[PDB]
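Trainee: Once you've had a glance at the structure underneath, I'll fire off some questions.
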Amino acid sequence: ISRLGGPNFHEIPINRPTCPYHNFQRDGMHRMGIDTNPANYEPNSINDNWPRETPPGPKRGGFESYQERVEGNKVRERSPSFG
Amino acid sequence: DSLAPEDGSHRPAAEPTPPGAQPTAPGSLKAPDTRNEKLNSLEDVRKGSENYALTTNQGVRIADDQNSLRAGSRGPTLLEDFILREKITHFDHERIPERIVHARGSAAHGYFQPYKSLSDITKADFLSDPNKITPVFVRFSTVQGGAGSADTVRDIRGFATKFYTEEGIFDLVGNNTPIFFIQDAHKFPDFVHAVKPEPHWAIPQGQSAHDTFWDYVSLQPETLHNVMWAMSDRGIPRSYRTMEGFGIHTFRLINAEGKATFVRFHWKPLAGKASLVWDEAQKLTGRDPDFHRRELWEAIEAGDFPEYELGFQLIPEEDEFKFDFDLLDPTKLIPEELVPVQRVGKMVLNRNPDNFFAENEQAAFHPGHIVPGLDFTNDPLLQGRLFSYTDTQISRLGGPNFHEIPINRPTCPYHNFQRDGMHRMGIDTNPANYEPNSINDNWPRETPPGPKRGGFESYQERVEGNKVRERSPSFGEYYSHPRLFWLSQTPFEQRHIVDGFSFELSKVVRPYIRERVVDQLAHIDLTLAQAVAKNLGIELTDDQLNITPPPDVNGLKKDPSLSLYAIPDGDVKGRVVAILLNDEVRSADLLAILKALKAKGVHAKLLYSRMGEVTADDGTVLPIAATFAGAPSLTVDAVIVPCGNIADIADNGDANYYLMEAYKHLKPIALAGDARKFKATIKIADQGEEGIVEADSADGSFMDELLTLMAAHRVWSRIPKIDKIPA
Amino acid sequence: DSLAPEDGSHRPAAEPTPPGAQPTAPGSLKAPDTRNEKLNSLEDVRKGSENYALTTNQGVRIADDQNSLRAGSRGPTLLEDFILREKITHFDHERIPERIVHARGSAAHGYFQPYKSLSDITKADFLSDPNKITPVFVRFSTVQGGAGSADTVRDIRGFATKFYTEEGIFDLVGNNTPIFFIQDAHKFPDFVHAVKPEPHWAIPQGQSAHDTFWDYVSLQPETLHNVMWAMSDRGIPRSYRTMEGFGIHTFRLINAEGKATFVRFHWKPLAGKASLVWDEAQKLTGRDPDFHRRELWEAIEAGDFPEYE
Amino acid sequence: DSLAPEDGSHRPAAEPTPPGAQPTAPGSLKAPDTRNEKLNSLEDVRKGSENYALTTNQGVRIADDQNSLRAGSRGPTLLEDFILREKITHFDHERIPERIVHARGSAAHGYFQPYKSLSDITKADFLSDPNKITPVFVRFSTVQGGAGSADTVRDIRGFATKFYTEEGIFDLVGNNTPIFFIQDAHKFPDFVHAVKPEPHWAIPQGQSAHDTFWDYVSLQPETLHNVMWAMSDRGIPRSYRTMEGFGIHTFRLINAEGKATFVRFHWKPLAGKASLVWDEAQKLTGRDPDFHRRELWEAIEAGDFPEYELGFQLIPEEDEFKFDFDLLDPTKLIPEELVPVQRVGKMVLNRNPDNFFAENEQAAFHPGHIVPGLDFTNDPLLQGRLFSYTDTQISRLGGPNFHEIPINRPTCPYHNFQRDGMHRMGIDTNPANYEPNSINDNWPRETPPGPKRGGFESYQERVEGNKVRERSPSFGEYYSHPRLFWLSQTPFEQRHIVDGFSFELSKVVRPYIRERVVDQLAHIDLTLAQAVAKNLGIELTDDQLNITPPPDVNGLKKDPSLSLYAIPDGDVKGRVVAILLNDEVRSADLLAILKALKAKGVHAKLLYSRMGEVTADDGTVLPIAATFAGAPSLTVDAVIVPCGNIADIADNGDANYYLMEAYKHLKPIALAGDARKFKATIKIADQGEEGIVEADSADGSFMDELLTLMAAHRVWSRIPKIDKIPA
Ligand code: HEM
Ligand code: HEM
Ligand code: HEM
């Protein structure tokens, strides 16, 4: 946000995905993409909910985190195993 | 030189004056002696003017401030005019980014003071001694429109308080309704995008009456409780002084023994609750877009300071699952009938800023600004907010040193090993800028947690579960709390909700969206559903007619705390009355009227068709404050027309409409003597009617009937009559 | 999925419709075939939507866009939710500084074309051949209020035209009255400070009816010609289509032999001149603050294109 | 706690200590009592540390500053750790943009004081009374490399002085050579692009020895005078204390009667002029890249304050066309033989900063920062500069309020009607922010021009001509001033110029560019041309051999003021000597040596092969300052090897090379008693030679021969010998 001037650093040409990216993020300094989508929020009926969420799968699916188990208290404390 | 008028009239009196009696001023100049610890510490950055030479920012005095440096008086401007280029460069760069939400906003200075020590429940120093008063800075705001938008729009208002405490800044950032629209912070961008101006053409401003707003509401039934509030009269307040404030999340109070209590924060308006009606509120954004900014500035200059009670809803940790709604759900309110608001202290706003940009526009408020004695909960909307308000300052306020901007500075010490960043004001003399260190013997040092003046330590809540992006099933209920709100409304309050939905929905261009919103209403209450449906030409399906209503909230059928008008409370003090003058006004009437008003604390505006002054029948000179068209009925609370030469204003379209608008907006109208001629205008029975005070002369009882109606705010009984009036 | 109504009613017809007959749309979607050289070159940065997966800015598709990553469904949000933090960071930084003057404003695309060659008076290529049409972008504006202010206020309106010519951009930045308030640019900050909201309390918005404005007018008699214009019906127009435009300075036209001609530029409204009356204009900023933005968008969608000479 | 060593050794003595005797400190802590008016006014933003609790920027004390908030000690970090996110956000945003040129740079605090009143020539208050001392802030800099580049590179150095005067800030922004490379400011971007790292790969750093530099020189003959200076020893100074400074443009002094005088500004180094030699200077950027930053900080801590004389070259307006070079040409110098430098006052630098970023990195200097009594001329490079240094601050320093950053603030009043902009510190209480105004009775007011405390008014010079982008024909001569410079050099000075060009040019990959630069040299002087050509394997064309030399400069054939060494002046004070110890050093030698040095003000470094301490033959304990490899000969001025157990260091490769490097770099070497064994290393005749002081014991005369050689800086007579040495 300060080095590269703002939330659109991914539009600076070296940093751009060579694959598609579409979502409902709008505006911010030196915004290069002109969005033609009538909606900039989901859920929406007016552009029939596009772009849509994808379920997780073997190939080309959405990102889902690994469901690791967490148990403990809220502590600012170093694990004894690091000692 | 001259330019100033001698007779001194360019400067306001440094003492309380009524609304519009003087030009308004900077705080310091109007109230030199209202001080407090934050106000006194800003003294190091206040700049004066008088008897000072005009200079560049580098201290060089300017001889000609009217002309550019040109080669001959009709020739070209030279690049070496450094005086011109500095003056136009600072102009070129005046504007910073506005708040991405809540950009509109109005602020004032004042203090907080506790009623008693709350040491038994929290180890928070600002609440530890009734004798400890705390400097606050408060900014009231709207939510949708930009900083140039109008004040009396239909919207949620924000209410943010900065507490300059001895152990850190505590910001309590809340709004004026007790639940929010969204459960999870991940959806905040989609909701704000849907309320906001539409992307292709940036319309509308300051309004939710547009398709995308209502599209997202119909597809998201959790937004429905807070949309009910915004659709009520609660969405158009009379003043920032006449509204409640709420922190909306469940937080924790931690005492010195480690015991945690859940709490929800309230602000109770000591002037009563009161709102405008929509035709009034909408027309007034045209007639005066700064009405709420203006009237706050002027209540404080008249000494009608705003006051609020801080109030806690405390719930023991054991009762965490005693209700049939989840306490960590931000779309659920805790009925005061189930849990009472305990009054904890009082806040008084008694000083305006000197510079709006400097003090108000550069103020940063963030909910993560908590002190020892307070802590957070797992509320999913509170957890996300925590990320956001540090982040946003890096562009709004240019960088990581926004706390050095003077309104935002702790009045207590802060020392740590953070260095550099844009417009770094502190010059650090510490030989170390890392800890642990031996070279400055480890200073500044960490402090252990303790009962008073200790370090921040988080409450050790137990966490067990898997890493899941998933909503708790306890959040899954969308309809009993909107129906509890609906059932707690007076009948005319509910009318006004029907009419709020019907207006907004008439402005959706796509009819399937409107139908989709009526279906949702039929899950709340069918009467509500049928009323809105009718105004829209929609028929309910027999299946819609057979939807089973939601359950009660812990067997509660209504709570009257949720209504604005059901249990009455009313400031008549600080309200404003318009008096319609003519050229031979009867002074008998007038001195009686003004004495009565003055005893109650009510402000008058003497209004005519021309500016300047008229002369009462006894030769008294009365200065005119505005014309009838200049200060419409929209801006006062009641109209009084004294007797005198009535023939003068009787034929005047403006004077007559002044009364018809006021009638329709349900305000008290008082007619003395021949002024009763105007009954024929607003169509009243000679026999009289309620809310029209009339008499042979303005006197004691006439004024008593008027101030009594005024304490009741509007004449609700007139609502059947006002439909036939064309105004 | 559904969410869209089938019967198709969520989408507007891609053809001229009257005011309020359809929902309004993006230009490309409402008028797929109005093209010009500037419009076609923006094609490289237009982004579509349909049939596309929702992603992060780095191209990673999102499976759940409704929830944050928490340790248990009633637990705390985790700092490793990079999907949530990207979505809220771009939100946190949406807003750039607004124009320090003329912040309100409404714009449209179109073209310019000369009646004949003006080669005898100027060697300016955009005016050299009646057959050469030039892409323009035009923004109409007010002067005092912020971008969130109302459209039908009493004020001077701006009229700025960007000419995408074969030899460079020519911007003709003018207003709707033919003289300005100030003679020298050194005073511009003092005049704009005096019209603007007052420093202590930031009132009023979109209005000159306040002391400081009229203080500086009474002390500065050169402001009086243009104050007369602003005080006339000329200060409350019916539409951006119903007003004149002016460059206000004397400029020079230089032809190919080196001869210089002084010139003043005008824009003549082919729909006629028309203004509101003040009670109307003032009440309308309450009733519809976007009236001028709205009606320009809709004249162009109905095909009632604005034209000027 | 502990962490600090008790015995107190972590803190430096707050008094002058020699180089490397103590750890260095913040200014305030090392010199609590060097005060001045600018230093005292920064007191409001200095922050201490001791006995203070570690806090957030919002004042909340931190209990654990070692750990993040995680759900269990091996679990994930929680988004609600606001203490962690504030600490890492300020880190993430530490860096501002660096100066687009002159980014390297080192600064100090001090004062200026006039010798007498110059009221007869200028109405400038800082020069009006010999009793008026003025706070200055000075930053010395290089030109090409980034802020992370090395100090002893071959380049032009900058010399910028901020004068905090009673009537405004006067910035005198100059460099260390008297002419610039370019005539017109329009070409500044092309020249800086050509010197700078090349665009494709960003090489080289801190060097002009690359193709594009020399490409633009060969195509632009106006750059040749200042390239001659950069190619001389003038381009590698020994210290910022040992160089001249120059304003380069002709300016105007305006007195109280309106008379204008042209002036050129000089700074004369009261320590003498002295430079490194290139192998030394280049190797030293590897061995200590901070050598110039270090040695300035330490001269000031030892109390060897830098001092300079401000000197004026005054020329009456009538003599504007008396020379055969245009006075407004920035590539032409005015020979001191034609116009003398009159010494006007003195400047002393006597206090270091407390925080480099805050004070040094945020300092803004701009030549348009002039005061009443001074004015500009039509110099085309001065006119363009005027645009630039206001502009650049809007991104470097984030905005139009850089003058509020504490190092940059006027110590005198400044009031005007400029409002808002990013990190606006002043809260303006003025009811007006425009003039003319009646409501604050027109304050702050314009001031008429006058003799003392009046407004700025420009000198009414006559302008006639057409609007033309055209260079004056008077600027058209490119070669007599480089040949005047060349002819005024001692013979070894000229050698060093030949060798500067030959090294740089050997690094151009494209040979046509090198040939093109030799052609240009043949227009200056053929000897110069032939010497460089030879080192490069280039032959001059008989036509090149027949180029007619340029004319004299007003019949001047040489001026010795342009040489560094021709008229000698030499500080031995503040210089540094290395003493090579062994394990049984003869104390007789050592106490004589150190007494002698101390009487002259010279600093010693006792150096060994190991750290810790050795013991003299009488049992004295000597602490070792560095190893031979740790503080190379490169960093001292002379080497003394006392007698004692010589056998110890005699076989040591480091101790022997220490002497060969020093020999080669033309430094004085003194050998006492058995230490004379090392003559065999540096190959000296038993009969002796100049610059090697040798004797049976270190004594009075031995030290006298040494300090005398030292006042003469290098042993130039050795230059024929040093070619056979492999070091
Ligand atoms: C219970 C719900 C919420 C309440 C009561 C609330 C209240 C407020 C208020 C009163 C302000 C105005 C600040 C001012 O006057 O300067 C504000 C600003 C803001 N809010 Fe919220 N908000 C809520 C939810 C959210 C969420 C979920 C986010 C972000 C994920 C958010 C992000 C922000 C930001 C970025 C600003 C502007 C911040 C600033 O200018 O410092 N808010 N909010
Ligand atoms: C004949 C008098 C003037 C006219 C006709 C005029 C017209 C305009 C117009 C139409 C705009 C709006 C730009 C847009 O729509 O984006 C504008 C912007 C602006 N004007 Fe003026 N202006 C005048 C005088 C001045 C003066 C004297 C100054 C400065 C010394 C000035 C400074 C600016 C600046 C800084 C902006 C905002 C610039 C931008 O956003 O690019 N104007 N002016
Ligand atoms: C006689 C020729 C020149 C001299 C003696 C000179 C000297 C200097 C010096 C000493 C600095 C360093 C400032 C510091 O220490 O903070 C500087 C900075 C700079 N100079 Fe020059 N300069 C010359 C020509 C130019 C020209 C022609 C331009 C621009 C058209 C220019 C633009 C700048 C800028 C933009 C900076 C950085 C400014 C800043 O950081 O405030 N200089 N110059």
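By order in the structure tokens, chains are A, B, ...; within a chain, residues start at 1; ligands start at 1, following the order shown.
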Compute the chain A side of the contact with chain B at 12 Å, counting only C-alpha atoms, and hand it back as a PyMOL selection string.
Mentor: chain A and resi 1-3+5-7+23-29+34-49+63-77
Trainee: Could you list the residues in chain D lying within 6 Å of chain B, using only C-alpha atoms, and format the result as a count of residues only?
Mentor: 52
Trainee: Can you pull out every residue with an atom within 8 Å of ligand 3? Use only C-alpha atoms and all ligand atoms and format it as a ChimeraX atom specification.
Mentor: /D:98-103,105,138-141,143,157-160,173-175,179-182,184-189,246-249,330,361,363-366,381-382,384-393,396
Trainee: Counting only C-alpha atoms, what is within 9 Å of residue D:658, bar same-chain residues fewer than 5 positions away, as a PyMOL selection string?
Mentor: chain D and resi 628-629+632-634+639+653+663
Trainee: Using only C-alpha atoms, tabulate the residues of chain C lying at most 8 Å from any atom of chain D, each with its closest atom pair and that distance in Å to one decimal, by chain and increasing residue number, as JSON lines.
Mentor:
```
{"residue": "C:76", "atom": "CA", "partner": "D:78", "partner_atom": "CA", "distance": 6.8}
{"residue": "C:77", "atom": "CA", "partner": "D:79", "partner_atom": "CA", "distance": 5.8}
{"residue": "C:78", "atom": "CA", "partner": "D:78", "partner_atom": "CA", "distance": 4.8}
{"residue": "C:79", "atom": "CA", "partner": "D:79", "partner_atom": "CA", "distance": 4.4}
{"residue": "C:80", "atom": "CA", "partner": "D:77", "partner_atom": "CA", "distance": 7.8}
{"residue": "C:189", "atom": "CA", "partner": "D:434", "partner_atom": "CA", "distance": 7.4}
{"residue": "C:190", "atom": "CA", "partner": "D:434", "partner_atom": "CA", "distance": 4.2}
{"residue": "C:191", "atom": "CA", "partner": "D:434", "partner_atom": "CA", "distance": 7.0}
{"residue": "C:193", "atom": "CA", "partner": "D:434", "partner_atom": "CA", "distance": 6.0}
{"residue": "C:194", "atom": "CA", "partner": "D:434", "partner_atom": "CA", "distance": 6.3}
{"residue": "C:199", "atom": "CA", "partner": "D:431", "partner_atom": "CA", "distance": 7.3}
{"residue": "C:200", "atom": "CA", "partner": "D:431", "partner_atom": "CA", "distance": 7.2}
{"residue": "C:212", "atom": "CA", "partner": "D:432", "partner_atom": "CA", "distance": 7.8}
{"residue": "C:215", "atom": "CA", "partner": "D:437", "partner_atom": "CA", "distance": 6.6}
{"residue": "C:216", "atom": "CA", "partner": "D:437", "partner_atom": "CA", "distance": 6.3}
{"residue": "C:219", "atom": "CA", "partner": "D:436", "partner_atom": "CA", "distance": 6.7}
{"residue": "C:220", "atom": "CA", "partner": "D:436", "partner_atom": "CA", "distance": 7.9}
```
Trainee: Provide as a PyMOL selection string the residues of chain C at most 7 Å from chain A, counting only C-alpha atoms.
Mentor: chain C and resi 2-4+10-11+25-26+45-59+61-65+71+89-90+93-96
Trainee: Residues as selected, C-alpha atoms, written as a PDB file, in the first residue's frame, can you do that?
Mentor:
```
ATOM      1  CA  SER C   2     -31.619 -18.558 -10.313  1.00  0.00           C
ATOM      2  CA  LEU C   3     -31.267 -15.275  -8.441  1.00  0.00           C
ATOM      3  CA  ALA C   4     -32.034 -14.080 -12.053  1.00  0.00           C
ATOM      4  CA  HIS C  10     -33.195  -8.182 -14.842  1.00  0.00           C
ATOM      5  CA  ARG C  11     -31.327  -7.146 -18.075  1.00  0.00           C
ATOM      6  CA  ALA C  25     -26.779   0.048 -17.820  1.00  0.00           C
ATOM      7  CA  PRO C  26     -23.076   0.333 -18.617  1.00  0.00           C
ATOM      8  CA  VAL C  45      -8.888  -2.853 -20.191  1.00  0.00           C
ATOM      9  CA  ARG C  46     -12.583  -3.712 -20.094  1.00  0.00           C
ATOM     10  CA  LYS C  47     -13.352  -6.693 -17.870  1.00  0.00           C
ATOM     11  CA  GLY C  48     -16.464  -8.902 -18.285  1.00  0.00           C
ATOM     12  CA  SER C  49     -18.174 -11.331 -15.730  1.00  0.00           C
ATOM     13  CA  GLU C  50     -20.506 -13.916 -17.084  1.00  0.00           C
ATOM     14  CA  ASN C  51     -19.502 -17.462 -16.843  1.00  0.00           C
ATOM     15  CA  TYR C  52     -16.475 -16.462 -14.871  1.00  0.00           C
ATOM     16  CA  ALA C  53     -15.296 -17.770 -11.541  1.00  0.00           C
ATOM     17  CA  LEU C  54     -14.961 -15.465  -8.571  1.00  0.00           C
ATOM     18  CA  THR C  55     -11.273 -15.107  -7.729  1.00  0.00           C
ATOM     19  CA  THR C  56      -8.683 -13.290  -5.722  1.00  0.00           C
ATOM     20  CA  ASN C  57      -6.683 -10.588  -7.574  1.00  0.00           C
ATOM     21  CA  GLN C  58      -3.965 -13.261  -7.906  1.00  0.00           C
ATOM     22  CA  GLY C  59      -6.266 -15.624  -9.804  1.00  0.00           C
ATOM     23  CA  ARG C  61     -10.803 -19.218  -7.115  1.00  0.00           C
ATOM     24  CA  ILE C  62     -12.912 -18.750  -4.013  1.00  0.00           C
ATOM     25  CA  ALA C  63     -15.091 -21.586  -2.708  1.00  0.00           C
ATOM     26  CA  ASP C  64     -16.751 -19.693   0.266  1.00  0.00           C
ATOM     27  CA  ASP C  65     -17.346 -16.065  -0.080  1.00  0.00           C
ATOM     28  CA  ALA C  71     -11.054 -21.912  14.725  1.00  0.00           C
ATOM     29  CA  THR C  89      -7.713  -4.246   2.152  1.00  0.00           C
ATOM     30  CA  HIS C  90      -8.943  -3.168  -1.272  1.00  0.00           C
ATOM     31  CA  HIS C  93      -8.407   1.889   0.080  1.00  0.00           C
ATOM     32  CA  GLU C  94     -11.158   2.618  -2.501  1.00  0.00           C
ATOM     33  CA  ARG C  95     -11.114   6.482  -2.293  1.00  0.00           C
ATOM     34  CA  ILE C  96      -8.647   8.908  -4.044  1.00  0.00           C
TER      35      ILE C  96
END
```
Trainee: Which neighbours of stretch 664-674 of chain D fall inside 6 Å, counting only C-alpha atoms, when residues of the same chain fewer than 4 positions from it are skipped, and could you give them as JSON, numbers by chain?
Mentor: {"D": [638, 639, 640, 641, 642, 643, 691, 692, 693, 694, 695, 696, 697, 698, 714, 715, 722]}
Trainee: Give me a file of those residues, with N, CA, C and O atoms, as a short mmCIF file (atom, residue, chain, number, x, y, z; two decimals), in the first residue's frame.
Mentor:
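Produced file out30.cif, reproduced below:
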```
data_model
loop_
_atom_site.label_atom_id
_atom_site.label_comp_id
_atom_site.auth_asym_id
_atom_site.auth_seq_id
_atom_site.Cartn_x
_atom_site.Cartn_y
_atom_site.Cartn_z
N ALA D 638 49.16 8.60 8.51
CA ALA D 638 50.59 8.36 8.62
C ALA D 638 50.65 7.08 9.45
O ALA D 638 49.65 6.71 10.09
N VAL D 639 51.78 6.38 9.40
CA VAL D 639 52.02 5.18 10.16
C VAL D 639 53.32 5.43 10.94
O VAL D 639 54.32 5.93 10.38
N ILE D 640 53.31 5.08 12.24
CA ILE D 640 54.50 5.12 13.10
C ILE D 640 54.61 3.70 13.65
O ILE D 640 53.63 3.12 14.12
N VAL D 641 55.80 3.12 13.57
CA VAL D 641 56.10 1.80 14.10
C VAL D 641 57.20 2.08 15.17
O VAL D 641 58.36 2.36 14.84
N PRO D 642 56.88 2.13 16.48
CA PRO D 642 57.87 2.21 17.55
C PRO D 642 58.80 0.96 17.70
O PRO D 642 58.54 -0.10 17.09
N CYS D 643 59.87 1.04 18.50
CA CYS D 643 60.73 -0.11 18.70
C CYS D 643 60.15 -1.00 19.82
O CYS D 643 59.18 -0.67 20.52
N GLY D 691 60.20 11.35 3.15
CA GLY D 691 58.93 10.84 3.56
C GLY D 691 59.05 9.64 4.46
O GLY D 691 58.05 9.27 5.03
N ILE D 692 60.20 8.99 4.59
CA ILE D 692 60.43 7.94 5.58
C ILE D 692 61.25 8.56 6.73
O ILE D 692 62.44 8.84 6.54
N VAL D 693 60.62 8.85 7.87
CA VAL D 693 61.34 9.38 9.03
C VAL D 693 61.94 8.19 9.76
O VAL D 693 61.21 7.22 10.01
N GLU D 694 63.23 8.12 10.08
CA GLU D 694 63.76 6.95 10.78
C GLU D 694 64.72 7.42 11.85
O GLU D 694 65.21 8.55 11.77
N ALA D 695 64.97 6.69 12.91
CA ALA D 695 65.87 7.17 13.96
C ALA D 695 66.10 6.03 14.90
O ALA D 695 65.45 5.00 14.74
N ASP D 696 66.99 6.21 15.87
CA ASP D 696 67.31 5.21 16.88
C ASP D 696 66.21 5.13 17.93
O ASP D 696 65.92 4.05 18.44
N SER D 697 65.57 6.26 18.23
CA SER D 697 64.49 6.29 19.19
C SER D 697 63.49 7.33 18.73
O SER D 697 63.86 8.28 18.01
N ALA D 698 62.21 7.15 19.11
CA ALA D 698 61.17 8.14 18.82
C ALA D 698 61.46 9.30 19.76
O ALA D 698 61.64 9.10 20.96
N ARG D 714 50.65 14.65 1.47
CA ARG D 714 51.26 13.48 0.92
C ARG D 714 52.68 13.87 0.50
O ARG D 714 53.03 15.04 0.31
N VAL D 715 53.53 12.86 0.38
CA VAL D 715 54.90 12.96 -0.09
C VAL D 715 54.86 12.90 -1.63
O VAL D 715 55.18 11.89 -2.25
N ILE D 722 56.73 4.65 -6.58
CA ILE D 722 55.58 3.78 -6.30
C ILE D 722 55.07 2.84 -7.41
O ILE D 722 54.27 1.93 -7.15
#
```
Trainee: Show me which residues are within 6 Å of ligand 2 counting only C-alpha atoms and all ligand atoms, and format the list as an MDAnalysis selection string.
Mentor: (chainID B and resid 92) or (chainID C and resid 99:102 139 141 158:160 173:175 180 185 188 247:248)
Trainee: Could you write out that same residue set with N, CA, C and O atoms as a short mmCIF file (atom, residue, chain, number, x, y, z; two decimals), in the first residue's frame?
Mentor:
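Output below, filename selection_23.cif:
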```
data_model
loop_
_atom_site.label_atom_id
_atom_site.label_comp_id
_atom_site.auth_asym_id
_atom_site.auth_seq_id
_atom_site.Cartn_x
_atom_site.Cartn_y
_atom_site.Cartn_z
N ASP B 92 -3.49 23.31 -4.61
CA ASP B 92 -3.55 22.14 -5.42
C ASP B 92 -3.57 20.84 -4.68
O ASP B 92 -3.83 19.79 -5.28
N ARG C 99 -11.67 16.48 -6.62
CA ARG C 99 -11.11 17.64 -7.27
C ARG C 99 -11.21 18.78 -6.27
O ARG C 99 -12.19 18.88 -5.53
N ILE C 100 -10.19 19.62 -6.13
CA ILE C 100 -10.23 20.58 -5.08
C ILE C 100 -11.29 21.58 -5.42
O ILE C 100 -11.77 22.15 -4.44
N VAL C 101 -11.64 21.79 -6.73
CA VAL C 101 -12.81 22.53 -7.23
C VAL C 101 -13.32 21.69 -8.39
O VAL C 101 -12.63 20.89 -9.04
N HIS C 102 -14.60 21.95 -8.69
CA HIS C 102 -15.37 21.15 -9.65
C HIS C 102 -15.41 19.64 -9.25
O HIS C 102 -15.38 18.79 -10.09
N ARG C 139 -16.81 16.36 -19.45
CA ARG C 139 -17.33 16.20 -18.10
C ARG C 139 -18.01 17.51 -17.74
O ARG C 139 -17.36 18.54 -17.93
N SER C 141 -19.78 19.87 -14.76
CA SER C 141 -19.48 19.96 -13.34
C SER C 141 -20.12 21.21 -12.75
O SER C 141 -20.67 22.03 -13.49
N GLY C 158 -18.98 24.01 -14.90
CA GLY C 158 -17.87 23.77 -15.80
C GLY C 158 -18.32 22.90 -16.99
O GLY C 158 -19.38 22.24 -16.95
N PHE C 159 -17.53 22.91 -18.05
CA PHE C 159 -17.76 22.24 -19.33
C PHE C 159 -16.36 21.92 -19.92
O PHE C 159 -15.79 22.79 -20.60
N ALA C 160 -15.77 20.72 -19.72
CA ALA C 160 -14.38 20.39 -20.08
C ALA C 160 -14.36 19.38 -21.24
O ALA C 160 -15.08 18.41 -21.13
N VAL C 173 -11.06 23.45 -21.59
CA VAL C 173 -11.62 23.42 -20.24
C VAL C 173 -12.35 24.76 -20.02
O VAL C 173 -11.76 25.79 -19.70
N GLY C 174 -13.66 24.87 -20.14
CA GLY C 174 -14.33 26.13 -19.97
C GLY C 174 -15.48 26.01 -19.05
O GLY C 174 -15.66 24.96 -18.43
N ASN C 175 -16.18 27.11 -18.86
CA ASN C 175 -17.41 27.13 -18.10
C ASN C 175 -18.60 27.68 -18.87
O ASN C 175 -18.47 27.94 -20.06
N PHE C 180 -14.78 35.33 -15.92
CA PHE C 180 -14.56 34.66 -14.65
C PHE C 180 -14.71 35.72 -13.59
O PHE C 180 -15.09 36.85 -13.91
N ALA C 185 -4.48 35.10 -11.41
CA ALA C 185 -4.45 33.76 -10.80
C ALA C 185 -3.95 33.71 -9.37
O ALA C 185 -4.34 32.82 -8.63
N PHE C 188 -6.74 33.24 -6.80
CA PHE C 188 -7.64 32.14 -6.91
C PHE C 188 -7.86 31.41 -5.60
O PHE C 188 -9.02 31.25 -5.20
N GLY C 247 -14.70 29.28 -23.29
CA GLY C 247 -13.30 29.10 -22.86
C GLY C 247 -12.74 30.23 -21.98
O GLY C 247 -11.68 30.11 -21.34
N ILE C 248 -13.53 31.33 -21.90
CA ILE C 248 -13.26 32.60 -21.22
C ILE C 248 -11.94 33.26 -21.63
O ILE C 248 -11.99 34.43 -21.89
#
```
Trainee: To one decimal in Å, tell me the separation between atom CA of residue B:661 and atom CA of residue B:144.
Mentor: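 These two atoms are separated by 28.3 Å.
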